[PDB]
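Asks: Quick check, what structure comes out for this input:
(3 chains)
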Amino acid sequence: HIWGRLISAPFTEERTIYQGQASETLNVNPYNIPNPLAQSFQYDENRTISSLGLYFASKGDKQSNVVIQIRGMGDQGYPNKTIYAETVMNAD
Amino acid sequence: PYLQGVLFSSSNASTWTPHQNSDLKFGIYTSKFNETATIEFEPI
Amino acid sequence: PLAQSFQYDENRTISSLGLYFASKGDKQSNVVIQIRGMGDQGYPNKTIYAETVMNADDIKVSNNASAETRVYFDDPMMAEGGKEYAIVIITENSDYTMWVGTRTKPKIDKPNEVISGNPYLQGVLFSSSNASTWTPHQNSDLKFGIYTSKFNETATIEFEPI
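Replies: Numbering: from 1, shown residues only, chains lettered A, B, ... in the order given. Okay, here it is:
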């Protein structure tokens, strides 16, 4: 087999939302540490989301992984059980 | 930090406790597709 | 009023509930036990699938969470698999208390030990001032037990000799 490089990209990405200020660390599962999180957003127009940006302060071992999902927001302003996207991110 | 968003936490990914004064450090990228795409492979 | 959410991975026939009260009111007081559904956004809804009234005599109490009062409904609650349901406990009297397990706190009968993890991972304790708006308690869950039944071929009653 042989490798291949995508020269002319099929799209160009642009960062439209960015919250850069950080002050603390919050465990992803605060209520089960021995001895999940979400963040809402919206747009004023129809936009094609291509990728996300996240910032982690620490991670687990090699074999651990984190599931990243995008879920909808219900009428009373809370996340719902519908999942529009899902992926698995390894520790590396 | 982000006015139109709220940080949430949950013990079972069903009941969410909001944190009004806190938001994640994150960025969302939006794309605009073009006319054509091209791949090149390493030489044989 | 307080509530506790739960769910099953399969279709089960809920026959009775188990609850633990730390104190109760006078003889004439009573507590209304209800089972309510859970909405799409993980909170109890106004729909009520079961309801029963428990008198003060039926409510057993203990100072070490040992006494278990059994709650029975007249129609069995058919819990669909994958759907969350919430027990709801309502009473107008202000002299009713219940045992609750909280993470990191010592156990009542074993102060040397502490509740390390979440008591019940798939449920959440709720509190409300009007049984409509619920405040969740992520780190706390009620001490409870749910009993599901399976029906057999035939039943028999024997009456005492006349």
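Asks: could you say what helices and strands the strand ranked longest in chain B packs with?
Replies: Using DSSP state E to define each element, chain B has its longest strand at strand B:26-33. If you count contacts as 3 or more CB pairs under 8 Å, 6 or more residues apart in numbering or on different chains; DSSP states H and E, strand B:26-33 packs onto strand A:11-19, strand A:49-54. Heads up, the C-betas are built off the backbone N, CA and C, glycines and all.
Asks: what's the neighbour count on residue 6?
Replies: Going with chain A. 10 (other CB atoms under 10 Å in any protein chain shown).
Asks: ah, I was thinking of chain B
Replies: The number of residues packed near residue B:6 is 19, by other CB under 10 Å.
Asks: For it, list the residues it contacts.
Replies: Residues near residue B:6 by CB atoms under 8 Å, 6 or more residues apart in numbering or on different chains: A:39, A:40, A:77, B:18, B:19, B:20, B:23.
Asks: Could you dump the helices and strands packed on strand B:26-33 into JSON lines and include distance to residue B:41?
Replies: Shown next, in JSON lines, are the helices and strands packed on strand B:26-33 (distance: least, CB to CB, whole Å):
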{"stretch": "strand A:11-19", "distance to residue B:41": "21"}
{"stretch": "strand A:49-54", "distance to residue B:41": "24"}
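Asks: which ones are touching the residue of chain B at minimum distance from chain C?
Replies: For chain B and chain C, the shortest gap (CB to the nearest CB) falls at residue B:14, measuring 3.7 Å. Residue B:14 makes contact with A:81, C:5, C:38, C:42, C:84, C:124, according to CB under 8 Å, 6+ apart.
Asks: Flag every residue of chain A that's near chain C.
Replies: Listed as neighbours of chain C in chain A under the rule CB under 8 Å from any CB of the partner chain: A:30, A:31, A:32, A:34, A:35, A:74, A:76, A:78, A:79, A:80, A:81.
Asks: Shouldn't the last one be within a strand?
Replies: Yes. Under the criterion used here (DSSP: H, G, I helix; E, B strand; the rest coil), residue A:81 sits inside a strand.
Asks: re the thing from before, using TSV, lay out the contacts of residue B:6 together with neighbour count and secondary structure.
Replies: Below are the contacts of residue B:6 laid out as TSV (neighbours: other CB atoms under 10 Å in any protein chain shown; DSSP: H, G, I helix; E, B strand; the rest coil):
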residue	neighbour count	secondary structure
A:39	19	strand
A:40	19	coil
A:77	10	coil
B:18	14	strand
B:19	15	strand
B:20	7	coil
B:23	20	coil
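Asks: ok, for the residue nearest the centre of chain B, nearest residue in space, not its chain neighbours?
Replies: Per CA atoms, centre = their mean, the C-alpha nearest to the average position across chain B is that of residue B:28, at 4.5 Å. Residue nearest to residue B:28 in three dimensions, not counting chain neighbours: residue A:17, with 4.4 Å by CB to CB, 6 or more residues apart in numbering or on different chains.
Asks: what about the one you found, how many neighbours?
Replies: The burial count for residue A:17: 19, using other CB under 10 Å.
Asks: what comes into contact with the longest strand of chain B?
Replies: Under CB under 8 Å, 6+ apart, the answer for strand B:26-33 is A:10-19, A:39, A:41, A:47-55.
Asks: Just the buried subset of those residues, please.
Replies: Listed as buried from these are A:17, A:19, A:39, A:41, A:49; burial here means 16 or more other CB atoms under 10 Å in any protein chain shown.
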